[PDB]
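The structure appears below as structure tokens.
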Amino acid sequence: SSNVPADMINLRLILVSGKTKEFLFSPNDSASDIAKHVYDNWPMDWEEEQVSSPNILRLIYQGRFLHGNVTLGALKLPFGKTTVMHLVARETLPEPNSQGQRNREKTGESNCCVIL
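Under PDB author numbering, read the sequence shown as residues 2 to 117, first letter to last.
Rendered as structure tokens:
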């Protein structure tokens, strides 16, 4: 990651194991989703603890946990500069069960019932 453009935020993800990964990310991305992404492969559908634990994915904005999945922009990051973060994951399984269960999140999709 060389030269951080004004549309992107340079983010360093530090994992609990003491491994530090740094990549250029978008301020609209969520630190905990990124944490799973920086660990290895892209998160599919909330890599939590198997019997369900959402609080196991949290983000530390060095000294303080801002939230469990709050975005870099929301952490207050000037774009074009390097930001370091500490990420915590607990009892997390790499890929929950591989569903990739998501919502449509796309206009054109979602067939709702009509009557008019």
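All C-beta atoms, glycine included, are put in the ideal place defined by N, C-alpha and C.
*asked:* Based on DSSP bridge pairs, tell me the residues matched to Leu88.
replied: Bridge partners of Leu88 according to DSSP: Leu60.
*asked:* So, with DSSP's three-state summary, where would you put residue 1?
replied: Beyond the ends of the chain as shown, which are 2 and 117, falls residue 1; an answer cannot be given.
*State the CB to CB distance for the pair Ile57 and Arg91, rounded to an integer number of angstroms; the pair is presumed to be in contact (CB under 8 Å).*
Yes, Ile57 and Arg91 are in contact; Cβ-Cβ is about 4 Å, under 8 Å.
*Can you tell me where the alpha helix (DSSP H) with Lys37 in it begins and where it stops?*
Where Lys37 is concerned, the enclosing alpha helix (DSSP H) stretches over 32–40.
*Determine the DSSP secondary structure at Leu67, reduced to helix, strand or coil.*
Looking at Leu67 - three-state DSSP - the assignment turns out to be strand.
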